[PDB]
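Take a look at this single chain, the form deposited in one PDB entry, given in structure tokens.
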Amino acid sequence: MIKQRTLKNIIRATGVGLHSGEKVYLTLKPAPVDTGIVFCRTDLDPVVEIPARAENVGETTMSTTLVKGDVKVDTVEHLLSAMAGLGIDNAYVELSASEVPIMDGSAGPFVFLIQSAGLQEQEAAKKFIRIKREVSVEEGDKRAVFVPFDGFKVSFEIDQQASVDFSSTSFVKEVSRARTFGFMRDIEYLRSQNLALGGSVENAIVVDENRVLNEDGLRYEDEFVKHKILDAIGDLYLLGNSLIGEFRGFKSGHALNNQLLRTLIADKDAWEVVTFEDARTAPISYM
């Protein structure tokens, strides 16, 4: 069957939060069947543990932020995108500060870390959620939609357009390395308000409103929209189970992505859990 997956070994990384500029240790730990992804702030006294699910998303300014009371874990989207990408169902993530490290601005480092810990298949069927009926949410000129589709595909447009199928196209090769990005004008403002403190050309693409300022250039011709697809995959993983359907994003950010998840969850007629006792017949394959 398509089994649930966790990490083989504990693995650690160090980095800096994009927004906070704070040094943070990130420890990924194997977890048992039906755990999901749980975060653990190990700097707080007492430690605060926060499941990576839709209901725990509290703020959605420039990143997905998990909250419990007055305690936050923000910028979970790139790490969760890596998890989704490698099909990791269960893991503990222990963090020494409020923000996940930015690493190189992409999911690449996290993908490589997860693989370096080794994957461990677990003897329990992996539960997917099938989209049975179209579900969409909008607000102004933003739109977020799930459409039925026997597989998993993402199409996204921003202010430009990319479509990726995760049967034909490798998350690792074509999406994982896409770095976050910002406009100088924006970056200047955020720095003035004590934000983006961990930002640099080493973990973010910088453009004015003309050209890429990074000396070494782009990793993909359409890196910007590819990164937005990466973010949506991460935000969609807060569902807590892998999706069988097509997601269409039109200028959709963290807030509207979480709103789509909430609507889908509450609209039970639109979805159903399914497992695959035969990996050959399954619409989604992992490594």
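Residue numbers here begin at 1 and follow the sequence given. Rigid core: the largest C-alpha set superposing within 1.5 Å between the two forms.
- Gap between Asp159 and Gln160: 10 or more deposited residues without coordinates.
- When the mean C-alpha temperature factors of 55 to 63 and 31 to 39 are read from the deposited coordinates, 55 to 63 comes out higher.
- Averaged over CA atoms, B-factors in the entry run higher in 206 to 214 than in the other of 206 to 214 and 102 to 110.
- The residue among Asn90, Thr180, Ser116, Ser81 whose C-alpha atom has the highest B-factor in the PDB entry is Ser116.
- The entry lists a Cα temperature factor for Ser96 that places it in the lowest third of the chain's modelled residues.
- Compared with the other modelled residues of the chain, the Cα B-factor recorded for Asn9 ranks in the middle third.
- Sort the modelled residues of the chain by CA B factor and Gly245 lands in the lowest third.
- Split the chain's modelled residues into thirds by C-alpha temperature factor. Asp231 is in the lowest one.
- Sort the modelled residues of the chain by CA B factor and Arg262 lands in the lowest third.
Another form exists, deposited in another entry; not displayed. Remarks below refer to it.
- For the listed set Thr169, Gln115, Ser96, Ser136, the sole C-alpha moving 2 Å or more between this form and the one not shown on a rigid core superposition is that of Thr169.
- Core-superposed comparison between this form and the one not shown: the Cα of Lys127 travels less than 2 Å.
- In the core-superposed comparison between this form and the one not shown, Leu195 has its Cα shifted by at least 2 Å.
- Relative to the shown form, the Cα atoms of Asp74 and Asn194 move together by 3 Å or more in the other form.
- By 3 Å or more, the C-alpha separation between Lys251 and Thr169 grows in the other form relative to the form shown here.
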